[PDB]
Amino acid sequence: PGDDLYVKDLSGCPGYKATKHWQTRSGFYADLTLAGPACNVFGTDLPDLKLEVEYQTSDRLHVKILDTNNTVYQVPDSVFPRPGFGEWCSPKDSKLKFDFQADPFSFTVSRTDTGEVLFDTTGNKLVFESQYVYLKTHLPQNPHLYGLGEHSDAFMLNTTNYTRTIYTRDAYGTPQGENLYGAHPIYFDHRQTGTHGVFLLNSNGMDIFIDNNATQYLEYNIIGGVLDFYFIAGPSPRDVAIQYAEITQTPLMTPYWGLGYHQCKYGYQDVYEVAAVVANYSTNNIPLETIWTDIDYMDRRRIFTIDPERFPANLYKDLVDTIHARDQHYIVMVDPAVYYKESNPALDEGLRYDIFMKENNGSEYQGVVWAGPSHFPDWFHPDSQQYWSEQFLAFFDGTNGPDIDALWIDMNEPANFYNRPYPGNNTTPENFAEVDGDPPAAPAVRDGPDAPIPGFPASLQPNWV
């Protein structure tokens, strides 16, 4: 990767200055221009920017720094519907107050009641480039920061020489001090005087660095997009949570049975092992609500298929019927990788709807995951939803596949073994698959379970009946 974060020199970057500024009933606005010659340290310095400050509610302040002609990437409205429709707040009626210096350009977010500074870029360069956006805030000595995951570090973030990298990746062992599967650019700032929240609505890769070199600070190193901030005032920890839920939208409600205990394993080789696990829980008087199956159910790890030897439709139906008859539930794994080397419903319908991510030359993008050489759906394609829905409707019907009660989604980063390293280990998809073992040989077909399964049909223990 390198050490760009640690050895970067921004001393030659000129920052910005506000050429003109106007106020509205619930807003502050300013045109920003380079205060000097471009540094172009990590791409091309944008000559001109817009500052947009919306007091949306008394709780939520929107501070947005973007380009002037709406070309820089912004998170689609599709994916993250924005808050503040029909909402506006007179500045003096807001818990948070926005202040700015014109030259050099910096801004402060403060508490309207106490005057306490929550976020302060005073004395720190704004750098806004094609492929690099840098903003740095002062913080109090020994601050208490939470979030900016998904991470596996201390809940209260390290404050000295702490790198926090947000970029979704398949990170086996969920390693500490490394970017993991999810991306949540929200931090809670907890103080004796109250709690507040700082949300960056940016889906680009970024290195956040928290350190106390001279004074305490937090900096964003973002490789694209705009500085799209929501400040939320709390002042209680729950208030910040509630206010952040106004932005994300409140979470969907869960089924009651879902709170029951779930059993899964990667390696459950056939319908016989799944049955035996369920019965062994009941025999040993340990409650079990839901039994799962990983990639083992599939035909040679191909999505929307069943192993016709180890998960044959008839015995798969008998398994799911007995699970349901005992008032238990069944969940199985699905992944985005669609095998393209042989015909299968997901590939065939995939090509027909034409919903696969494509190369410049227009041919479908090639990777390798568990089935072998694979394509990846384009979720932006306007037929991607119908393709996906119809796949589910055709497969999880209790005939072609199991009538599941809930879904497990894995390797949706997306995971692509082929790029180990990029590009494609300097070989073809077919050769990488063979060497890497995608798919591996399933274990030898069994006559049935290794012991009788009390409470399950004869069909799931033919070697014991």
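In this text, residue numbers run from 1 along the sequence as written.
Chemist: Comparing 279 to 287 with 98 to 106, which stretch shows the greater average C-alpha B-factor in the deposited entry?
Modeler: The entry gives the higher C-alpha B-factor average to 98 to 106.
Chemist: So, looking at the entry's B-factor column for Cα atoms, which has the higher mean, 70 to 78 or 181 to 189?
Modeler: Mean B over CA atoms: larger for 70 to 78.
Chemist: Going by the entry, which of 221, 250, 204, 215 has the most elevated CA B factor?
Modeler: Reading the PDB entry, the winner on C-alpha B-factor is 215.
Chemist: Among 211, 228, 239, 150, single out the one with the highest C-alpha B factor in the record, please.
Modeler: Answer, based on the entry's C-alpha B-factors: 211.
Chemist: Thinking about Cα B factors across the chain, which third does residue 327 belong to?
Modeler: Ranked within chain, residue 327 CA B lands in the middle tercile.
Chemist: Residue 258's Cα B-factor: lowest, middle or highest third of the chain?
Modeler: Lowest third - that is where residue 258 ends up once the chain's C-alpha B-factors are sorted.
Chemist: Would you mind checking where the Cα B-factor of residue 115 ranks among the modelled residues of its chain, as the lowest, middle or highest third?
Modeler: Middle third of the chain for residue 115's C-alpha B-factor.
Chemist: Relative to the other modelled residues of the same chain, rank the CA B-factor of residue 425 and answer lowest, middle or highest third.
Modeler: Highest third, going by the recorded CA B-factors of the chain.
Chemist: By the record's CA B-factor, is residue 52 among the lowest, middle or highest third of residues in the chain?
Modeler: It falls in the middle third of the chain.
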